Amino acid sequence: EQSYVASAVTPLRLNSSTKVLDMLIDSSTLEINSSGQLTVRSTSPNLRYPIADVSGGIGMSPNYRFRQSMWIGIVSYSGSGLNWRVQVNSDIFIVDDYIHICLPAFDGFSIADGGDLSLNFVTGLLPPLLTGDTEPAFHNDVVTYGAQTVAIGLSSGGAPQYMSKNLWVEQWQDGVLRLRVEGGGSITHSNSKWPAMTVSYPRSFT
C-alpha cells in the first residue's frame, strides 16, 4: 500500500514474524501504568552527609551543625621526672567540622618546663560517641595546632603563683590526644591549679 510500517528504529521494534510492535524501556528508570501509560519511576535525590533531607527539601543535617556529649575520663601529665593523672568531667561539642573539648578547672601536681597533657579517649565517652570520633582531620600528624597562652597556678601549699605557659594540640594517637604544655619558666612547687580550657581542632570526616 502507501501506508504501513516496514522498519522500526529502537526503542521501537517490530517483530518480523508476528508483526507485533512494542517498545524497549529500561525498567529501572521507567514503568508502564495500570492505564498503560509510559511513566518515569520517581526516585529520591542521592545525598551525602552533611547534605541531607531536611524537612523534605535538601538541607544541612542538624547533627553536623551541633552535637553534644561528654567525656568522663583520665587526664594525665607527663614531664621530666613527673607523671600524674586526674579524673575530669568535660563537655564535648561537635559543631560543623570542629570538635570542642571543654575541660573544667582542675588540680594537678608538679609540672616541668615542658611536658605533655594527655586526654585518654579510649574510655570515658558517653555513647553513641566513640573514640574514633575524636580523631583530628590531620589524623596522627604532629602539629602545633590551636596554640594558646594559659595561666597555671603553682604552689607548695601557700598562695599560688600564676605562670603563663604555652599550650597546643600536638598529636592524636590511638585515641589519646596529646597536648604540649611548655614555656613561661618555672618555680619550685608541688601542686598546680589548672584553669578551665577549651581544646578545639578540626574533626576527621568520612
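Sequential numbering from 1, following the sequence displayed.
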Inset, instruction - Compare the mean C-alpha B-factor of 145-153 with that of 159-167 as given in the PDB entry, and name the stretch with the higher value. - result: 159-167
Inset, instruction - Going by the average Cα B-factor in the PDB entry, point out whether 16-24 or 194-202 comes out higher. - result: 16-24
Inset, instruction - Kindly indicate the residue among 104, 115, 108, 128 with the greatest C-alpha B-factor in the PDB record. - result: 128
Inset, instruction - Divide the modelled residues of the chain into thirds by Cα B-factor and specify which third, lowest, middle or highest, holds residue 78. - result: lowest
Legend entry - Chain third (lowest, middle, highest) by recorded CA B-factor, residue given as residue 139: middle
Legend entry - Where the record places residue 54 (Cα B-factor, split into thirds across the chain): highest
Legend entry - residue 48 - Cα temperature factor, lowest/middle/highest third of chain: middle
Inset, instruction - Give the position of residue 67 by CA B-factor within its chain, expressed as the lowest, middle or highest third. - result: highest
